[PDB]
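Peer 1: Coordinates in upload24.cif, mmCIF, C-alpha atoms and all ligand atoms, are listed below.
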```cif
data_model
#
loop_
_atom_site.label_atom_id
_atom_site.label_comp_id
_atom_site.auth_asym_id
_atom_site.auth_seq_id
_atom_site.Cartn_x
_atom_site.Cartn_y
_atom_site.Cartn_z
CA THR S 1 -40.83 68.17 9.36
CA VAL S 2 -43.73 65.70 9.75
CA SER S 3 -42.91 62.33 11.40
CA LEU S 4 -44.12 59.34 9.43
CA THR S 5 -44.99 57.27 12.51
CA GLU S 6 -46.77 60.29 14.10
CA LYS S 7 -48.73 61.02 10.93
CA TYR S 8 -49.87 57.37 10.85
CA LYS S 9 -50.19 56.95 14.67
CA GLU S 10 -54.00 56.41 14.44
CA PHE S 11 -53.65 53.96 11.55
CA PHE S 12 -50.82 51.49 12.15
CA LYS S 13 -47.20 51.20 13.28
CA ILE S 14 -44.52 52.26 10.81
CA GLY S 15 -41.46 50.00 10.67
CA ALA S 16 -38.10 49.39 9.01
CA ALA S 17 -35.81 46.44 8.48
CA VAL S 18 -32.56 47.03 10.32
CA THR S 19 -29.12 45.81 11.28
CA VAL S 20 -26.92 47.37 14.01
CA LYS S 21 -25.28 49.79 11.53
CA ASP S 22 -28.61 51.53 11.17
CA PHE S 23 -28.44 52.94 14.71
CA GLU S 24 -25.68 55.34 13.75
CA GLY S 25 -25.45 58.36 11.60
CA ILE S 26 -28.20 59.50 9.44
CA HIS S 27 -30.12 56.17 9.48
CA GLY S 28 -30.27 56.50 13.27
CA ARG S 29 -31.93 59.89 13.06
CA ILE S 30 -34.33 58.75 10.36
CA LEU S 31 -35.40 55.79 12.52
CA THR S 32 -36.08 57.84 15.71
CA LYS S 33 -37.94 60.52 13.75
CA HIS S 34 -40.07 58.38 11.48
CA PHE S 35 -40.32 54.80 12.72
CA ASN S 36 -41.79 53.07 15.75
CA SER S 37 -41.26 49.44 14.64
CA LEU S 38 -38.01 47.52 13.82
CA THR S 39 -37.52 44.17 12.10
CA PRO S 40 -34.09 42.53 12.28
CA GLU S 41 -33.29 42.10 8.55
CA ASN S 42 -31.13 39.06 9.23
CA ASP S 43 -30.04 38.76 12.84
CA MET S 44 -32.97 36.76 14.16
CA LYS S 45 -32.91 34.23 11.27
CA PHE S 46 -32.12 30.67 12.38
CA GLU S 47 -28.68 30.45 10.70
CA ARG S 48 -27.58 33.74 12.25
CA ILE S 49 -28.95 33.49 15.77
CA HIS S 50 -28.48 29.72 16.16
CA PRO S 51 -25.63 28.58 13.87
CA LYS S 52 -24.87 25.37 15.80
CA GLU S 53 -27.03 23.31 18.15
CA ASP S 54 -25.13 24.43 21.21
CA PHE S 55 -24.34 27.99 20.08
CA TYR S 56 -26.61 31.00 20.04
CA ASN S 57 -25.59 34.40 18.86
CA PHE S 58 -27.56 37.05 20.73
CA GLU S 59 -25.31 40.11 20.52
CA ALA S 60 -26.85 41.74 17.48
CA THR S 61 -30.43 41.05 18.39
CA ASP S 62 -29.75 42.18 21.98
CA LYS S 63 -28.56 45.49 20.46
CA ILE S 64 -31.62 45.82 18.34
CA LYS S 65 -33.84 45.19 21.40
CA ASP S 66 -31.84 47.69 23.47
CA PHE S 67 -32.18 50.38 20.79
CA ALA S 68 -35.88 49.71 20.47
CA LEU S 69 -36.44 50.03 24.25
CA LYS S 70 -34.28 53.15 24.47
CA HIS S 71 -36.41 54.82 21.71
CA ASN S 72 -39.93 53.58 22.49
CA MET S 73 -40.00 51.21 19.52
CA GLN S 74 -41.05 47.55 19.35
CA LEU S 75 -39.86 44.69 17.17
CA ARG S 76 -41.18 42.21 14.69
CA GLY S 77 -39.67 38.80 15.22
CA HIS S 78 -38.42 37.62 11.84
CA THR S 79 -38.42 34.63 11.44
CA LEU S 80 -38.67 31.26 13.20
CA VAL S 81 -39.33 28.74 10.41
CA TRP S 82 -38.13 29.40 6.88
CA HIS S 83 -36.69 27.25 4.04
CA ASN S 84 -33.86 29.77 3.61
CA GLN S 85 -31.14 30.85 6.05
CA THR S 86 -31.56 27.75 8.20
CA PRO S 87 -28.45 25.74 9.09
CA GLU S 88 -28.02 22.11 8.12
CA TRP S 89 -27.48 20.86 11.67
CA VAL S 90 -31.20 21.00 12.36
CA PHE S 91 -31.97 18.28 9.79
CA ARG S 92 -29.01 16.03 10.53
CA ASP S 93 -28.58 13.18 12.97
CA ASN S 94 -24.85 12.38 12.75
CA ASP S 95 -24.56 10.80 9.28
CA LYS S 96 -28.27 10.23 8.74
CA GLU S 97 -31.15 12.61 8.14
CA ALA S 98 -32.94 13.60 11.34
CA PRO S 99 -36.44 12.08 11.99
CA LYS S 100 -39.61 14.09 12.47
CA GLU S 101 -39.64 14.13 16.30
CA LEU S 102 -35.93 15.10 16.58
CA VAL S 103 -36.45 18.08 14.30
CA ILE S 104 -39.57 19.03 16.27
CA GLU S 105 -37.65 18.82 19.55
CA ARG S 106 -34.90 21.05 18.16
CA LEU S 107 -37.49 23.51 16.91
CA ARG S 108 -39.15 23.56 20.33
CA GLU S 109 -35.90 24.42 21.98
CA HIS S 110 -35.05 27.07 19.38
CA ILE S 111 -38.43 28.77 19.69
CA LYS S 112 -38.40 28.56 23.49
CA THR S 113 -34.97 30.19 23.65
CA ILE S 114 -35.51 33.02 21.11
CA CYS S 115 -39.09 33.83 22.09
CA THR S 116 -38.32 33.88 25.81
CA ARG S 117 -35.47 36.35 25.27
CA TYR S 118 -37.37 38.83 23.08
CA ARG S 119 -41.06 38.40 23.94
CA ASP S 120 -41.09 41.59 26.02
CA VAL S 121 -40.27 43.78 22.97
CA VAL S 122 -41.70 41.79 20.06
CA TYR S 123 -45.31 42.68 19.14
CA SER S 124 -45.56 40.36 16.12
CA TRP S 125 -43.69 37.19 15.11
CA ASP S 126 -43.21 35.77 11.61
CA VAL S 127 -43.61 32.25 12.89
CA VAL S 128 -43.50 30.59 9.48
CA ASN S 129 -42.20 32.32 6.36
CA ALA S 130 -42.88 31.44 2.71
CA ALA S 131 -44.40 27.95 3.28
CA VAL S 132 -46.87 28.28 0.39
CA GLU S 133 -45.52 26.84 -2.89
CA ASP S 134 -44.83 29.76 -5.21
CA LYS S 135 -44.34 28.08 -8.62
CA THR S 136 -46.14 24.73 -9.01
CA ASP S 137 -49.79 24.02 -8.20
CA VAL S 138 -49.05 22.02 -4.99
CA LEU S 139 -50.15 23.96 -1.87
CA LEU S 140 -46.98 23.70 0.22
CA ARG S 141 -43.37 24.32 -0.66
CA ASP S 142 -41.37 21.09 -0.30
CA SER S 143 -38.68 22.29 2.10
CA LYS S 144 -36.79 20.14 4.56
CA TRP S 145 -39.15 21.41 7.27
CA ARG S 146 -42.20 20.20 5.29
CA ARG S 147 -40.59 16.96 4.05
CA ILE S 148 -39.33 15.77 7.47
CA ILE S 149 -42.06 17.02 9.80
CA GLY S 150 -44.93 16.60 7.30
CA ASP S 151 -47.79 18.91 6.39
CA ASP S 152 -48.65 19.58 10.05
CA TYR S 153 -45.40 21.49 10.53
CA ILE S 154 -47.00 24.88 10.21
CA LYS S 155 -49.57 24.19 12.92
CA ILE S 156 -46.81 22.62 15.06
CA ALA S 157 -44.65 25.76 14.79
CA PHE S 158 -47.50 28.07 15.74
CA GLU S 159 -48.52 25.92 18.73
CA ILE S 160 -44.97 25.93 20.04
CA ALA S 161 -44.56 29.70 19.53
CA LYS S 162 -47.81 30.40 21.35
CA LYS S 163 -46.33 28.93 24.53
CA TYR S 164 -43.60 31.57 24.69
CA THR S 165 -44.86 34.75 22.99
CA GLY S 166 -47.26 36.46 25.49
CA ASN S 167 -48.99 39.52 24.04
CA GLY S 168 -47.14 38.92 20.76
CA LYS S 169 -49.27 38.27 17.73
CA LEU S 170 -48.40 35.28 15.53
CA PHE S 171 -48.09 35.77 11.81
CA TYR S 172 -47.80 33.72 8.67
CA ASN S 173 -45.52 35.76 6.29
CA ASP S 174 -45.09 35.46 2.50
CA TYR S 175 -44.36 37.21 -0.82
CA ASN S 176 -46.52 37.46 -3.98
CA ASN S 177 -49.43 36.64 -1.77
CA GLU S 178 -51.49 39.55 -3.21
CA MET S 179 -51.32 37.85 -6.68
CA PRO S 180 -54.48 35.97 -7.59
CA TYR S 181 -52.90 32.49 -8.01
CA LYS S 182 -51.04 32.63 -4.67
CA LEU S 183 -53.83 34.45 -2.83
CA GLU S 184 -56.24 31.55 -3.55
CA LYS S 185 -53.71 28.97 -2.45
CA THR S 186 -52.73 30.90 0.70
CA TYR S 187 -56.40 31.43 1.58
CA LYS S 188 -57.01 27.68 1.47
CA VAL S 189 -53.97 26.93 3.61
CA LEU S 190 -54.77 29.51 6.26
CA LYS S 191 -58.45 28.56 6.32
CA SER S 192 -57.52 24.97 6.96
CA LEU S 193 -55.05 26.00 9.68
CA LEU S 194 -57.61 28.12 11.49
CA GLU S 195 -60.21 25.32 11.32
CA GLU S 196 -57.61 23.06 13.02
CA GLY S 197 -57.25 25.49 15.97
CA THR S 198 -53.89 26.90 14.84
CA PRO S 199 -53.29 30.10 16.91
CA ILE S 200 -52.50 32.30 13.90
CA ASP S 201 -53.42 35.97 14.39
CA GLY S 202 -52.41 37.52 11.11
CA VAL S 203 -51.03 37.40 7.59
CA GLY S 204 -47.89 39.22 6.50
CA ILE S 205 -47.94 40.58 2.95
CA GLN S 206 -44.22 41.09 2.25
CA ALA S 207 -44.90 43.57 -0.51
CA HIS S 208 -41.72 43.14 -2.54
CA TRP S 209 -43.20 45.08 -5.40
CA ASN S 210 -42.19 47.07 -8.47
CA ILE S 211 -43.36 50.26 -10.21
CA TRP S 212 -44.63 48.54 -13.38
CA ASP S 213 -47.20 46.15 -11.87
CA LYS S 214 -50.50 47.25 -13.39
CA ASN S 215 -52.53 44.80 -11.32
CA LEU S 216 -51.00 45.67 -7.98
CA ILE S 217 -53.65 47.99 -6.52
CA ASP S 218 -56.55 45.74 -7.56
CA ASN S 219 -54.65 42.64 -6.36
CA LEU S 220 -53.80 44.23 -3.02
CA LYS S 221 -57.40 45.21 -2.35
CA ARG S 222 -58.60 41.70 -3.20
CA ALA S 223 -55.94 40.27 -0.94
CA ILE S 224 -56.63 42.42 2.14
CA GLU S 225 -60.36 41.73 1.89
CA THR S 226 -59.80 38.00 1.36
CA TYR S 227 -57.42 37.56 4.30
CA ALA S 228 -59.53 39.85 6.55
CA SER S 229 -62.50 37.55 5.84
CA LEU S 230 -60.71 34.80 7.76
CA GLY S 231 -60.59 37.00 10.87
CA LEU S 232 -56.87 37.69 10.42
CA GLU S 233 -54.95 40.91 11.01
CA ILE S 234 -52.89 42.15 8.05
CA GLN S 235 -49.40 43.50 8.26
CA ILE S 236 -47.36 44.83 5.37
CA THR S 237 -44.00 43.41 6.44
CA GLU S 238 -41.25 44.04 3.89
CA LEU S 239 -42.42 46.82 1.59
CA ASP S 240 -40.05 48.01 -1.12
CA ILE S 241 -40.81 49.16 -4.68
CA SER S 242 -38.14 48.29 -7.20
CA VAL S 243 -37.64 50.41 -10.35
CA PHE S 244 -37.21 47.13 -12.28
CA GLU S 245 -39.51 44.35 -13.34
CA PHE S 246 -38.29 41.12 -11.70
CA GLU S 247 -36.89 39.81 -14.98
CA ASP S 248 -35.25 43.10 -16.01
CA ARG S 249 -31.65 42.34 -15.06
CA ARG S 250 -30.06 45.40 -16.64
CA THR S 251 -26.98 46.65 -14.74
CA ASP S 252 -26.24 49.89 -16.60
CA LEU S 253 -28.38 52.36 -14.61
CA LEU S 254 -26.45 54.74 -12.38
CA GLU S 255 -29.57 56.55 -11.23
CA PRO S 256 -33.29 56.02 -11.81
CA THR S 257 -35.00 57.65 -14.78
CA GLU S 258 -37.40 60.53 -14.29
CA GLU S 259 -40.24 58.28 -15.34
CA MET S 260 -39.06 55.81 -12.64
CA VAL S 261 -39.07 58.33 -9.80
CA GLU S 262 -42.48 59.77 -10.71
CA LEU S 263 -44.03 56.35 -11.15
CA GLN S 264 -42.53 55.26 -7.86
CA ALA S 265 -43.98 58.30 -6.04
CA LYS S 266 -47.33 57.44 -7.54
CA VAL S 267 -47.27 53.71 -6.65
CA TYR S 268 -46.19 54.56 -3.06
CA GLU S 269 -48.99 57.10 -2.85
CA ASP S 270 -51.45 54.58 -4.23
CA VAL S 271 -50.47 51.65 -1.97
CA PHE S 272 -50.50 53.84 1.16
CA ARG S 273 -53.95 55.13 0.17
CA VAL S 274 -55.10 51.52 0.11
CA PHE S 275 -53.35 50.95 3.49
CA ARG S 276 -55.40 53.82 5.00
CA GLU S 277 -58.67 52.56 3.45
CA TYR S 278 -58.18 49.23 5.19
CA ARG S 279 -56.74 50.64 8.40
CA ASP S 280 -59.33 48.64 10.38
CA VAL S 281 -57.56 45.39 9.50
CA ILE S 282 -53.95 46.62 8.97
CA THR S 283 -51.90 46.94 12.15
CA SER S 284 -48.34 47.59 10.92
CA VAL S 285 -46.51 48.66 7.78
CA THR S 286 -42.79 47.96 7.53
CA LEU S 287 -40.34 48.93 4.77
CA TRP S 288 -37.53 46.58 3.96
CA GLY S 289 -34.84 49.17 4.70
CA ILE S 290 -34.54 52.85 5.52
CA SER S 291 -32.74 54.55 2.64
CA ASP S 292 -31.61 53.64 -0.89
CA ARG S 293 -28.09 53.61 0.53
CA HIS S 294 -28.63 50.10 2.00
CA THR S 295 -31.10 47.73 0.29
CA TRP S 296 -31.06 44.01 -0.42
CA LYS S 297 -32.36 44.95 -3.88
CA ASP S 298 -28.82 45.99 -4.82
CA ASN S 299 -27.89 42.28 -4.92
CA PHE S 300 -31.20 40.52 -5.54
CA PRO S 301 -32.19 39.34 -8.09
CA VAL S 302 -28.99 40.67 -9.65
CA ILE S 303 -25.71 40.70 -7.81
CA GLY S 304 -23.86 44.03 -7.84
CA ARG S 305 -26.44 46.35 -9.35
CA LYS S 306 -28.11 49.36 -7.83
CA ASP S 307 -31.84 49.81 -7.14
CA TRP S 308 -33.77 52.73 -5.49
CA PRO S 309 -36.73 51.07 -3.76
CA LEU S 310 -37.34 52.96 -0.50
CA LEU S 311 -38.67 56.29 0.84
CA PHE S 312 -35.34 57.99 1.56
CA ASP S 313 -32.75 58.50 -1.15
CA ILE S 314 -29.00 57.55 -1.16
CA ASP S 315 -28.24 60.71 0.86
CA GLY S 316 -31.00 60.03 3.44
CA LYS S 317 -33.40 62.69 2.16
CA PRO S 318 -37.10 62.08 1.91
CA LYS S 319 -38.08 61.36 -1.68
CA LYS S 320 -41.11 62.76 -3.42
CA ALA S 321 -42.76 59.45 -2.52
CA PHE S 322 -42.41 60.29 1.18
CA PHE S 323 -44.26 63.60 0.80
CA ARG S 324 -47.02 61.88 -1.21
CA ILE S 325 -47.77 59.29 1.53
CA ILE S 326 -47.95 61.93 4.31
CA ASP S 327 -50.27 64.13 2.18
CA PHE S 328 -53.72 63.21 3.51
CA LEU S 329 -56.60 63.98 5.91
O1 LIG V 401 -30.05 40.71 3.41
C1 LIG V 401 -30.98 39.85 2.74
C2 LIG V 401 -32.39 40.06 3.28
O2 LIG V 401 -32.86 41.37 3.09
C3 LIG V 401 -33.36 39.02 2.73
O3 LIG V 401 -34.60 39.18 3.36
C4 LIG V 401 -35.56 38.29 2.84
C5 LIG V 401 -36.20 38.85 1.60
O4 LIG V 401 -37.12 37.90 1.10
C6 LIG V 401 -38.21 37.67 1.97
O5 LIG V 401 -39.06 36.67 1.43
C7 LIG V 401 -37.75 37.22 3.36
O6 LIG V 401 -38.85 37.22 4.26
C8 LIG V 401 -36.63 38.10 3.91
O7 LIG V 401 -36.06 37.58 5.13
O8 LIG V 401 -32.83 37.73 2.98
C9 LIG V 401 -31.62 37.47 2.31
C10 LIG V 401 -30.55 38.40 2.83
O9 LIG V 401 -29.33 38.21 2.12
#
```
Could the structure of this file be written out as structure tokens, please?
Ligand SMILES: O[C@@H]1[C@@H](O)[C@H](O[C@@H]2CO[C@@H](O)[C@H](O)[C@H]2O)OC[C@H]1O

Peer 2:
Amino acid sequence: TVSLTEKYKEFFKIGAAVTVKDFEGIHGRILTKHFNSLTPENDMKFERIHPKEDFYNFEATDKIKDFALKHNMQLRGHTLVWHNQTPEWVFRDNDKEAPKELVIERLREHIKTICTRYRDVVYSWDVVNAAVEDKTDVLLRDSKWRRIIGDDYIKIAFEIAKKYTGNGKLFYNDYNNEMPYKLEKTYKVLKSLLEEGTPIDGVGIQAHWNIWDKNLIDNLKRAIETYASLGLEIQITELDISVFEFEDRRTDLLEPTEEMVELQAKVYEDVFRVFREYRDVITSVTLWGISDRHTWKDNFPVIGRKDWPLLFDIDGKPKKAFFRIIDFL
């Protein structure tokens, strides 16, 4: 039995999204065998770790840190600034909206507190997540963070984080950012940030992909080269490979089709080949889950319907895909 993280030890870290339930049972053994990086799937998000101004919730993340230290793993810090899973208190000032400097002060305190607690075990932080506008042609998503703080908010977040993160690298994280439209936009944003002295080390390519994307391998190569040209590290942060196109909302499938499993094995083999080709600029590859038993894809984009997006099947066994990505020299 070949260990994924050992097989890729000269290439990049190998990670998984986790919650505390993953430290038990068969997920626990998969993690210790195959993974040397952990990302809290939810527990370090603002709403979860800091639900009220005067209340932090550290128990779950403390457990994730403790497990990591006990098993010679390190964490990715996901995520400080995001338009989702952020509580309303941050943007409120009694019965008014909070002004720019009040939100900044709250953010400073949030980042100070979280980063101080976990900087010893976190090797990479998703400082800002999904700030690039995904649909319209404007550069930046118009979230409450962007609206209230203004366009400098990204730089402001990175400068604050840099005070408290030590050896930890600082990442900008996003989805669809291998696709040509978003890649161009993201390039412009990051280029501008770097020319303003923003201490950004790397770009996170979330890699929420599917088996039917014909442009994926070409897009991904374009993307890695483009981001690397800015002097940034690349991490693959949330890899999973759905058996459905985004807009296929069918709910009838009880198991994937044979075509689905073979295609999946192929796409996994192909993307990991690309990851090895660009190993000079890629420092970590994380999967958004461990086995098909627990995946956010079971409820997104369709509530209550099963998907099979990962490297271990619903019983915890390595899939054909797993053996394809460890088959190399
Ligand atoms: O449990 C779910 C998470 O897995 C999900 O994670 C998000 C997926 O989209 C990405 O763009 C984000 O970076 C990542 O945090 O969040 C929702 C939650 O219900």

Peer 1: If I take CA of residue 34 (chain S) and CA of residue 14 (chain S), how far is one from the other in Å, to one decimal?

Peer 2: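 Answer for the CA of residue 34 (chain S) to CA of residue 14 (chain S) separation: 7.6 Å.
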
Peer 1: Could you list the protein, DNA and RNA residues that have any atom within 10 Å of ligand LIG 401 (chain V), counting all atoms listed in the file, and write them as a ChimeraX atom specification?

Peer 2: /S:17-19,39-45,78-79,82,84-85,126,128-130,173-176,204-208,237-238,288-289,294-300

Peer 1: Could you check the closest approach to residue 86 (chain S) for each of S:221, S:119, S:112, S:144 and tell me which residue wins, using only C-alpha atoms?

Peer 2: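 Using only C-alpha atoms, the shortest distance to residue 86 (chain S) belongs to S:144.
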
Peer 1: Write out as an mmCIF file with C-alpha atoms, in the frame of the given file which residues come within 7 Å of region 239-250 of chain S when counting only C-alpha atoms, dropping same-chain ones fewer than 5 positions away.

Peer 2:
```cif
data_model
loop_
_atom_site.group_PDB
_atom_site.id
_atom_site.type_symbol
_atom_site.label_atom_id
_atom_site.label_comp_id
_atom_site.auth_asym_id
_atom_site.auth_seq_id
_atom_site.Cartn_x
_atom_site.Cartn_y
_atom_site.Cartn_z
ATOM 1 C CA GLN S 206 -44.220 41.090 2.250
ATOM 2 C CA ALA S 207 -44.900 43.570 -0.510
ATOM 3 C CA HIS S 208 -41.720 43.140 -2.540
ATOM 4 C CA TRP S 209 -43.200 45.080 -5.400
ATOM 5 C CA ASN S 210 -42.190 47.070 -8.470
ATOM 6 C CA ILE S 211 -43.360 50.260 -10.210
ATOM 7 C CA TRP S 212 -44.630 48.540 -13.380
ATOM 8 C CA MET S 260 -39.060 55.810 -12.640
ATOM 9 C CA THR S 286 -42.790 47.960 7.530
ATOM 10 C CA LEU S 287 -40.340 48.930 4.770
ATOM 11 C CA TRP S 288 -37.530 46.580 3.960
ATOM 12 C CA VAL S 302 -28.990 40.670 -9.650
ATOM 13 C CA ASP S 307 -31.840 49.810 -7.140
ATOM 14 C CA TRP S 308 -33.770 52.730 -5.490
ATOM 15 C CA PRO S 309 -36.730 51.070 -3.760
ATOM 16 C CA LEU S 310 -37.340 52.960 -0.500
#
```

Peer 1: What does the distance between CA of residue 222 (chain S) and CA of residue 162 (chain S) come to in Å, to one decimal place?

Peer 2: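 Separating CA of residue 222 (chain S) from CA of residue 162 (chain S) is a distance of 29.1 Å.
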
Peer 1: Considering all atoms listed in the file, can you say which of S:275, S:227, S:312, S:171 comes closest to residue 81 (chain S)?

Peer 2: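 When distances to residue 81 (chain S) are compared using all atoms listed in the file, the smallest one comes from S:171.
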
Peer 1: Quick one: of S:123, S:185, S:195, S:117, who's nearest to residue 137 (chain S), counting all atoms listed in the file?

Peer 2: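 That would be S:185, the residue with the smallest distance to residue 137 (chain S).
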
Peer 1: Taking only C-alpha atoms into account, which of S:127, S:69, S:253, S:102 comes nearest residue 306 (chain S)?

Peer 2: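 Among S:127, S:69, S:253, S:102, it is S:253 that comes nearest to residue 306 (chain S).
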
Peer 1: Go through S:190, S:147, S:267, S:276 and flag the residue nearest residue 329 (chain S), using all atoms listed in the file for the distances.

Peer 2: S:276

Peer 1: Could you add whatever atoms are missing so that region 264-283 of chain S carries N, CA, C and O atoms, then write the result as a PDB file, in the frame of the given file?

Peer 2:
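Written out: selection-v1.pdb:
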```
ATOM      1  N   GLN S 264     -42.782  55.802  -9.193  1.00  0.00           N
ATOM      2  CA  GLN S 264     -42.530  55.260  -7.860  1.00  0.00           C
ATOM      3  C   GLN S 264     -43.312  56.069  -6.830  1.00  0.00           C
ATOM      4  O   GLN S 264     -44.008  55.496  -5.984  1.00  0.00           O
ATOM      5  N   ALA S 265     -43.206  57.392  -6.916  1.00  0.00           N
ATOM      6  CA  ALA S 265     -43.980  58.300  -6.040  1.00  0.00           C
ATOM      7  C   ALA S 265     -45.458  58.020  -6.123  1.00  0.00           C
ATOM      8  O   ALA S 265     -46.145  57.950  -5.095  1.00  0.00           O
ATOM      9  N   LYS S 266     -45.953  57.823  -7.337  1.00  0.00           N
ATOM     10  CA  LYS S 266     -47.330  57.440  -7.540  1.00  0.00           C
ATOM     11  C   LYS S 266     -47.695  56.097  -6.898  1.00  0.00           C
ATOM     12  O   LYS S 266     -48.718  56.012  -6.243  1.00  0.00           O
ATOM     13  N   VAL S 267     -46.895  55.052  -7.118  1.00  0.00           N
ATOM     14  CA  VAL S 267     -47.270  53.710  -6.650  1.00  0.00           C
ATOM     15  C   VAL S 267     -47.256  53.714  -5.106  1.00  0.00           C
ATOM     16  O   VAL S 267     -48.158  53.153  -4.481  1.00  0.00           O
ATOM     17  N   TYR S 268     -46.264  54.351  -4.522  1.00  0.00           N
ATOM     18  CA  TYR S 268     -46.190  54.560  -3.060  1.00  0.00           C
ATOM     19  C   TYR S 268     -47.421  55.305  -2.577  1.00  0.00           C
ATOM     20  O   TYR S 268     -48.093  54.856  -1.641  1.00  0.00           O
ATOM     21  N   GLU S 269     -47.764  56.404  -3.232  1.00  0.00           N
ATOM     22  CA  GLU S 269     -48.990  57.100  -2.850  1.00  0.00           C
ATOM     23  C   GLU S 269     -50.194  56.204  -2.934  1.00  0.00           C
ATOM     24  O   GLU S 269     -51.054  56.229  -2.038  1.00  0.00           O
ATOM     25  N   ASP S 270     -50.299  55.434  -4.012  1.00  0.00           N
ATOM     26  CA  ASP S 270     -51.450  54.580  -4.230  1.00  0.00           C
ATOM     27  C   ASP S 270     -51.544  53.435  -3.205  1.00  0.00           C
ATOM     28  O   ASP S 270     -52.636  53.137  -2.708  1.00  0.00           O
ATOM     29  N   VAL S 271     -50.420  52.767  -2.921  1.00  0.00           N
ATOM     30  CA  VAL S 271     -50.470  51.650  -1.970  1.00  0.00           C
ATOM     31  C   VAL S 271     -50.783  52.127  -0.544  1.00  0.00           C
ATOM     32  O   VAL S 271     -51.610  51.514   0.117  1.00  0.00           O
ATOM     33  N   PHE S 272     -50.200  53.244  -0.125  1.00  0.00           N
ATOM     34  CA  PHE S 272     -50.500  53.840   1.160  1.00  0.00           C
ATOM     35  C   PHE S 272     -51.942  54.358   1.294  1.00  0.00           C
ATOM     36  O   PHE S 272     -52.499  54.348   2.391  1.00  0.00           O
ATOM     37  N   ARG S 273     -52.544  54.753   0.174  1.00  0.00           N
ATOM     38  CA  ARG S 273     -53.950  55.130   0.170  1.00  0.00           C
ATOM     39  C   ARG S 273     -54.758  53.904   0.514  1.00  0.00           C
ATOM     40  O   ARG S 273     -55.683  53.985   1.325  1.00  0.00           O
ATOM     41  N   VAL S 274     -54.410  52.782  -0.111  1.00  0.00           N
ATOM     42  CA  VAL S 274     -55.100  51.520   0.110  1.00  0.00           C
ATOM     43  C   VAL S 274     -54.874  51.129   1.576  1.00  0.00           C
ATOM     44  O   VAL S 274     -55.820  50.666   2.223  1.00  0.00           O
ATOM     45  N   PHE S 275     -53.655  51.333   2.088  1.00  0.00           N
ATOM     46  CA  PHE S 275     -53.350  50.950   3.490  1.00  0.00           C
ATOM     47  C   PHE S 275     -54.266  51.724   4.454  1.00  0.00           C
ATOM     48  O   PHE S 275     -54.835  51.137   5.381  1.00  0.00           O
ATOM     49  N   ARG S 276     -54.448  53.020   4.201  1.00  0.00           N
ATOM     50  CA  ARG S 276     -55.400  53.820   5.000  1.00  0.00           C
ATOM     51  C   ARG S 276     -56.863  53.401   4.872  1.00  0.00           C
ATOM     52  O   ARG S 276     -57.604  53.413   5.861  1.00  0.00           O
ATOM     53  N   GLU S 277     -57.284  53.014   3.675  1.00  0.00           N
ATOM     54  CA  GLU S 277     -58.670  52.560   3.450  1.00  0.00           C
ATOM     55  C   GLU S 277     -58.995  51.296   4.253  1.00  0.00           C
ATOM     56  O   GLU S 277     -60.160  51.034   4.583  1.00  0.00           O
ATOM     57  N   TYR S 278     -57.968  50.492   4.535  1.00  0.00           N
ATOM     58  CA  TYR S 278     -58.180  49.230   5.190  1.00  0.00           C
ATOM     59  C   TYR S 278     -57.487  49.272   6.547  1.00  0.00           C
ATOM     60  O   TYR S 278     -57.094  48.232   7.094  1.00  0.00           O
ATOM     61  N   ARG S 279     -57.360  50.475   7.097  1.00  0.00           N
ATOM     62  CA  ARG S 279     -56.740  50.640   8.400  1.00  0.00           C
ATOM     63  C   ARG S 279     -57.395  49.859   9.531  1.00  0.00           C
ATOM     64  O   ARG S 279     -56.746  49.655  10.563  1.00  0.00           O
ATOM     65  N   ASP S 280     -58.645  49.425   9.347  1.00  0.00           N
ATOM     66  CA  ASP S 280     -59.330  48.640  10.380  1.00  0.00           C
ATOM     67  C   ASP S 280     -58.732  47.235  10.547  1.00  0.00           C
ATOM     68  O   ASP S 280     -58.781  46.663  11.637  1.00  0.00           O
ATOM     69  N   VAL S 281     -58.125  46.711   9.485  1.00  0.00           N
ATOM     70  CA  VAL S 281     -57.560  45.390   9.500  1.00  0.00           C
ATOM     71  C   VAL S 281     -56.018  45.407   9.393  1.00  0.00           C
ATOM     72  O   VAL S 281     -55.399  44.378   9.643  1.00  0.00           O
ATOM     73  N   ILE S 282     -55.419  46.554   9.095  1.00  0.00           N
ATOM     74  CA  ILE S 282     -53.950  46.620   8.970  1.00  0.00           C
ATOM     75  C   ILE S 282     -53.357  47.233  10.232  1.00  0.00           C
ATOM     76  O   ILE S 282     -53.688  48.376  10.592  1.00  0.00           O
ATOM     77  N   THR S 283     -52.460  46.490  10.908  1.00  0.00           N
ATOM     78  CA  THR S 283     -51.900  46.940  12.150  1.00  0.00           C
ATOM     79  C   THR S 283     -50.435  47.415  12.125  1.00  0.00           C
ATOM     80  O   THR S 283     -49.960  48.012  13.084  1.00  0.00           O
TER      81      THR S 283
END
```
